[PDB]
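What follows is a single chain, given as structure tokens, in the form deposited in one PDB entry.
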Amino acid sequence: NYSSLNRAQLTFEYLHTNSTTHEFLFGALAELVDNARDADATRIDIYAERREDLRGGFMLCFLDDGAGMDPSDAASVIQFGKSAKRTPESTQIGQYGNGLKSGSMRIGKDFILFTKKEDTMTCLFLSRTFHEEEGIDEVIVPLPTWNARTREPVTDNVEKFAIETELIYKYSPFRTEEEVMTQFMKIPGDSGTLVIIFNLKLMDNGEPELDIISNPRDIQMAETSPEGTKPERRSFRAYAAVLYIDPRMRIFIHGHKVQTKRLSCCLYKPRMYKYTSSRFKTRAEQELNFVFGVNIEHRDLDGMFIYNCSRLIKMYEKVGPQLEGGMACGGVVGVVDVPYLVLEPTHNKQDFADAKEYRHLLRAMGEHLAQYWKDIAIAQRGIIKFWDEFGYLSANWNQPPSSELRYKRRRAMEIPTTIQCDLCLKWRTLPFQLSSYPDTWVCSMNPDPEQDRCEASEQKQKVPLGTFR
């Protein structure tokens, strides 16, 4: 019996400490997006409710239709390190039992989480404002639960429930049980979770770091856009478009669907490479698919995109010839999905915990990328002439090519444009040319007579496998 022994405890300042892991704020947001995906949500809505009385002038809301959380799961949310997703063969991104807390405390001072399950709706309130105002060094988290049908309290302690609800009304954007019930009603199905981050972090100028004004359809970083800054790093729409290698959950930003894209599908001459990783085999004792392709659309947006369990960890990583001053292998996008048995993510899921094995994987990627360069033989065809074939005659490299319809279609018909249905969530390849943000497309709108119906099996692209060496 170890009841009398000391326990490691969380202090209020540890919320900020944990939040410090996210120097990439879109990574903090991706924590909540990953949680929604793990919850089997078919849909996550990322929108802002204007609130001029709250720091930043608006709340950041993550509404998903996933499995939600019963009171036990909601309580486990504040068990740092607790992750039921940490399971063998798990396809769930979450493993560290930390992402929600770290990301939410990076995004804003306070977050209030509304979750609904079979017949229970639970509110989880993490208010650093409450802690600072009332001088609390622990991390006290109200966790009231109502019956999702009767809306009556579900508690073994009416005193505790009253204190929790009064704290919510005092320190949250919602001053009454009626406003709280409105938030719950925003969860339309039998299950789902709404995470509202409010009192958002301000920059030096007093403006919120998240800019939702420049583009009402996007969550942007409040900061200038250098010529080399990447859309996935300045635009959360662009980030969420590639956040997952297997996009199944629909992402909506300010009510506008994010056009998720598989980076492999948008490349010229893709060649998959089966790398028999000694790391993977050693931890099996206890293969990887490198997909390389030329980004004719944006030769600037080249680099390795390393996913870990379908979730983007590294983006625009330069490997192999991309590291040298010569542009050889320039414009090539590499994508690899690394399972947990090969690599684990860092604390913020923006890097890999095992630096040595990540370096080994990057070296393997560089070797296979050089092999891909030799295989496609566009150097044998002439690299600059190949680029000119798609309108890249500008002396500069990064900025896009001449957008005249000639080269536009030359690139388009070399890129099989795929789309996802808004109802069955399956991905289809279209035989025509799209006109333009995404639509509410469904399988019924596919002119392809072979797959024009909803029940049609997903015709899966099979990248032509290449052999290393």
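C-alpha atoms forming the largest set that superposes within 1.5 Å between two forms make up the rigid core. When you see a residue number, it is the position in the sequence shown, counting from 1.
The form deposited in another entry is left out here; the points below concern that form.
Among the candidates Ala241, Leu202, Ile245, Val154, the CA atom that moves 2 angstroms or more between this form and the one not shown after core superposition belongs to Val154 alone. After superposition on the rigid core, the Cα atom of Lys274 is displaced by less than 2 Å between this form and the one not shown. Comparing the forms between this form and the one not shown on their rigid core, the Cα displacement of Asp119 reaches 2 Å or more. The Cα position of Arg311 differs by less than 2 Å between this form and the one not shown after fitting on the rigid core.
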